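Step one of this worksheet: look at the structure below.
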Amino acid sequence: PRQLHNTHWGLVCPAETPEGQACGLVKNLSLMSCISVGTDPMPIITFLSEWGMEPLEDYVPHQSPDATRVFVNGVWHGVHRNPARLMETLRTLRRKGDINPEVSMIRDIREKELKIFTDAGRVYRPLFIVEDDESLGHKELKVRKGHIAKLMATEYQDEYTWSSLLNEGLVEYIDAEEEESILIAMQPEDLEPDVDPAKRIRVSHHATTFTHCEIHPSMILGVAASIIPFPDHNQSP
Amino acid sequence: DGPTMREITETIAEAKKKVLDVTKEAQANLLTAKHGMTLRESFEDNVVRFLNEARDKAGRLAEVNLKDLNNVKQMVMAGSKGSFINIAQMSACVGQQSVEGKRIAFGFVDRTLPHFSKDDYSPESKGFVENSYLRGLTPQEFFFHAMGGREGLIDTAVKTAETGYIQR
Amino acid sequence: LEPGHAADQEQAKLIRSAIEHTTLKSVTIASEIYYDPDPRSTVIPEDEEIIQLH
Amino acid sequence: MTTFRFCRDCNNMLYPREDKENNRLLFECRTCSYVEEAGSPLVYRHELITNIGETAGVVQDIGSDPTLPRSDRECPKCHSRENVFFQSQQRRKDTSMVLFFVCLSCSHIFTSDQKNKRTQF
Amino acid sequence: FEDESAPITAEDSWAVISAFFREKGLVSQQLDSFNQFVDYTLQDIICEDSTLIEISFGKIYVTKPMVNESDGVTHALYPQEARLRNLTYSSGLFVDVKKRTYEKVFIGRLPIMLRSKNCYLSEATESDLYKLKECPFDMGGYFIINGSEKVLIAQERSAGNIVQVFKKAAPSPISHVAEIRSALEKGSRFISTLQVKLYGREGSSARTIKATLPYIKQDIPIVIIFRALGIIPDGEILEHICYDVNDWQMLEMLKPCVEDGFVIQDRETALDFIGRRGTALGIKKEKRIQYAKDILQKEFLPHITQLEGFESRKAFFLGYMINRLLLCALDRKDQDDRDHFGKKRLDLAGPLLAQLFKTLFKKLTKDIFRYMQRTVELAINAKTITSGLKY
Amino acid sequence: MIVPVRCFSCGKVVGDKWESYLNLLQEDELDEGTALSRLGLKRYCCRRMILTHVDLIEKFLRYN
Amino acid sequence: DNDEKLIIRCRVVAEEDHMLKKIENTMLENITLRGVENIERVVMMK
Ligand SMILES: [Zn+2]
Ligand SMILES: [Zn+2]
Ligand SMILES: [Zn+2]
């Protein structure tokens, strides 16, 4: 428990922990993490069987071997034979608000599992959504300059808001468990396809499958380590 | 020096190519373990030698290139403060981070962070920090060096406590 | 190793293999139980040769 | 490579019995008086070095899994160069680091294993 | 004129982050969680044990904040005064009670989190915050209890309702176990652990699997549990476990299990086997058989259903867990990573305060049926709640 | 809380320059550095004084 | 030894597949071929 685990990326600061006994057990939320408050699963449950989900009492594994198991808070509610349909529409619905934003949905494609969690206490963070396409060629982040302006108009008037960004499917909240099924770009420019001897080395996008992109890497840090200048030039302790 | 830096950066590029062959080699099933040592243990022992040997050459490189009036060097030469590893990591390359004797492990499924694709055993994916401090760490490096660092903060408190009881 | 033979890589292997614990298990690819009722010939094409020596 | 039999009446499992007289293999049930003659003479197998499961996960939608790396290798069957690839999905300490590739047009699986003893996967 | 469809760049992140922080602030984890307590959890704590043996609670109202005075009496409280006076920035709770025959209303003080919807400071403007002597930079998210500002620190625990598998070390006679901690959002927060154990280490003789049910004093062979649930034939049993007819390796591992339950061939028997292990000698068969049914329907995987028709669902889920145990024993899948943060849940103000005020509402509702079990014939202890919170 | 009277390091009076510095920015539209050098604060020590002042008293005056 | 495949074939000497799968287990684990108990790997170093 004391160690920094890979899975705390983006959710808890990798620097702030007290010395001594509490080292590693007291943590601090990264500047943009949030924690689920819980939400009732019944409309998702109802939804799934509108969409094909076959109930456990019907399930006969020997007759439907290719089937995706569907779990919701921990409970096997049945089996689905096109989870790809089901998964595109679940996500569409959460990117519009019809499923609450703080719900988590993971399809595990090889494990033939689709798990969803609407319970409190899960910790999460936002990322940009990256979508093929466009029309214009590559995979591109769903936010574009015109969004940003609407944002800055609003700032300056002191009405397009953080929520307007969720509602329009430009940004989405992702927890650790759903993090496992995505591929995230570290900077927006990893999406486009003679360097400065004094810059650091970066190891390029050998990735055409991104699904998301970080908003900013400096958001992995917590409150305290957000006050250090150049922490990326310091030995970690 | 600009020329030292290019030599450091090639130093480092060569080690990443050694790694790349050893990889393709294990990937084709051509690599042999030797004697009660697993194939993957052989592979890791070799990539970590490669990467450490690089860090070190890169850092010898930087030492040499600094002049006698270099005040870091003047401290090291006197004996009053600092050592090679410090030159190296400040100026040439920080190097492979480790947690429990090994390269950063796959704590997501088959990966060390979600910014990478699965089954990636490359330097960057497992915690080689190519950059020096001067130059700065990338985010992924930064996080693997904090993993590193945390293990010594812990190990340090366990040491101090174990040691004190012994002593009494 | 014994004073003479202390730089024979090949007398150190021998030494290694006289000491290193080795069970059937470490050499065995798979085990099988078959019904092969008639101990003078065999349902297994391949061991015709083996049986053929008794 | 055992295959497993059940009672046509009870659906409980069947157990081996020698027909002492005629030197043959039967399976009987312990619940019914059902019996049937054995399909092979192999009743039991124990693989110490196994490959079952190297390929677990190859699924119709493998290619929509954004986490998987991709390469431009060509397949032996389709001559296509849209693959995804992974390592052995057995989770052994003593596994090779060999790659398993999945042709995303023809679904043919193949390996980078130059000592390929494998036909199937 | 700059294209509205143009792709963003790195600087443009800050615009989106500013927007996050104008909305959310820095302490939303605190607020969002208290708000939901107030707004939803509270009322749901009331509609679990609403009724007794008659008397049934309906709606809650939450006062703004106030004090019981020394003389001149009951008064709006702002946070600046509670700090200074060693007060407790609380509001009160009123239920809607009903007598009906079968053989407003104050109930308490809720300490309220600053900048929650209930607290004066959440609607206030900057001038209003200065009049009130509160710094416009303070951000809330804490309580004032006897004058002192008190924060609750999130607590990290494992999630419930998750299957985990583990190997177990060397001298143990079990080699792997699979475990869930079954639990509820609706019911109470009652936590049964199922464990599924594979007995004998790698090549023992008949490695078997058995499960630990609550109040049952012996581990039960898994096929006996499948029979008590109604899945009788070896064939149907193994198909709930090994969902792939050619995995001859998994099925060869479930043979000893088939032998281990061979003696029990029908559901009645299977219940009895179980019921006997939970009752004393002397207990009659029918009452034994029903003891086992009630354990299975209520205290075996209760996150699934705790109600009557739900046996196919539990069976499959037991099966699944045994599949997960075997896939690890067979070295197809690694033992579960007890450190994966996604399998953790952190408990903040709301949940922390509901563990408490549930516990306490169940005292308060038990002092009501003692105005009533010793009534040979609106008389309620408020403070038990008030001070249980504050304390 | 309020402009300091002098540069901590050199002694230059600087507590008579705050109203002007702020006038020079909002009224005559200079960038912070041009404005500082117009008030004759040309060593980096004095510049730091005005440039990094924070007039907390302006907040403190809002309380009754 | 020449033989191309290495095969061991054993039989006992009435219910007879139990002795066999235990017998197998003795095979596999409690039969010291070469070497000395307790010593798991041995490595040469110069
Ligand atoms: Zn039968
Ligand atoms: Zn192909
Ligand atoms: Zn000065």
In this structure, is A:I45 buried (at least 19 other Cβ atoms within 10 Å of the Cβ) and of a type in the set (A, V, I, L, M, F, W, C)?
-> no
Restricting attention to the stretch E:124-157, report how many residues are of a type in the set (D, E) and under 17 Å from E:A349 (Cα atoms).
-> 2
Condition test on B:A33, is it crowded, with 17+ Cβ neighbours inside 10 Å and farther than 17 Å from B:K126 by Cβ?
-> no
D:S96 versus (1) away from chain A (no Cβ under 14 Å); (2) within 16 Å of ligand 2 (Cβ to nearest atom); (3) small (G, A, S): which is the lone unmet condition?
-> (2)
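So that you can scan it fast, the table gives a plain yes or no per residue for (1) hydroxyl-bearing (S, T, Y); (2) under 31 Å from the mean Cα position of the chain (by Cα); (3) assigned to a helix (DSSP H, G or I):
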| residue | (1), (2), (3) |
| --- | --- |
| E:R201 | no, no, no |
| E:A206 | no, no, no |
| E:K210 | no, yes, no |
| E:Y215 | yes, yes, no |
| E:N246 | no, no, no |
| E:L254 | no, no, yes |
| E:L281 | no, no, no |
The listed residue being under 24 Å from A:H205 (Cβ atoms), part of a loop (DSSP other than H, G, I, E, B) and under 16 Å from the mean Cα position of the chain (by Cα), out of A:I174, A:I182 = A:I182
If A:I148 passes every condition in (1) of a type outside the set (G, A, S); (2) under 30 Å from E:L348 (Cβ atoms); (3) outside any strand (DSSP E or B) but one, which one does it miss?
-> (2)
Assess whether D:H79 counts as being more than 14 Å from chain A (Cβ to nearest Cβ) and touching an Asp or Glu at 6+ places or on another chain (Cβ under 8 Å).
-> no
Would you pick out the residues in the stretch A:188-209 that are over 27 Å from B:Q96 (Cβ atoms) and more than 9 Å from chain B (Cβ to nearest Cβ)?
-> A:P188, A:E189, A:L191, A:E192, A:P193, A:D194, A:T208
For helices (runs of 4 or more DSSP H) lying entirely in the stretch B:1-120, having 2 or more residues that are among the hydroxyl-bearing types (S, T, Y) picks out B:2-28
Taking the stretch A:53-96 and keeping only residues that are over 22 Å from D:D65 (Cα atoms) and either of a type in the set (F, W, Y) or more than 14 Å from chain E (Cβ to nearest Cβ) (or both), one is left with A:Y59, A:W76, A:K96
For the stretch D:35-86, enumerate the residues that are within 30 Å of D:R17 (Cβ to Cβ), surrounded by fewer than 16 Cβ atoms within 10 Å (Cβ to Cβ) and among the aliphatic types (A, V, I, L, M).
-> D:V35, D:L48
Scanning for something facing another protein chain (nearest Cβ under 7 Å), in a loop (DSSP other than H, G, I, E, B) and surrounded by 10 or more Cβ atoms within 10 Å (Cβ to Cβ), does the stretch G:17-27 turn up at least one residue?
-> yes
With the condition kept exactly as written, say whether any residue in the stretch D:63-74 is closer than 28 Å to E:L327 by Cβ, of a type in the set (A, V, I, L, M, F, W, C) and under 16 Å from the mean Cα position of the chain (by Cα).
-> no
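Residues checked against (1) more than 16 Å from ligand 2 (Cβ to nearest atom); (2) within 24 Å of E:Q249 (Cα to Cα); (3) in the same structural domain as D:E18 (by CATH):
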residue: D:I52; (1), (2), (3): yes, yes, no
residue: D:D61; (1), (2), (3): yes, no, no
residue: D:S71; (1), (2), (3): no, no, no
residue: D:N83; (1), (2), (3): no, no, no
residue: D:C106; (1), (2), (3): no, no, no
residue: D:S112; (1), (2), (3): no, no, no
Does D:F6 meet the test of being more than 16 Å from ligand 2 (Cβ to nearest atom), under 22 Å from C:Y34 (Cα atoms), within 14 Å of chain A (Cβ to nearest Cβ) and surrounded by 14 or more Cβ atoms within 10 Å (Cβ to Cβ)?
-> yes
Output the residues belonging to the stretch E:345-366 that are buried (at least 22 other Cβ atoms within 10 Å of the Cβ) and in contact with a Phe, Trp or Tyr (Cβ under 7 Å, 6 or more places away or on another chain).
-> E:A349, E:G350, E:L353
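For neighbour counting, all protein chains shown are included, and Cβ atoms are generated from backbone atoms with ideal geometry for every residue, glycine included. Numbers and lists here come from the model and the stated rules, or from a named source; no laboratory read-out is quoted.
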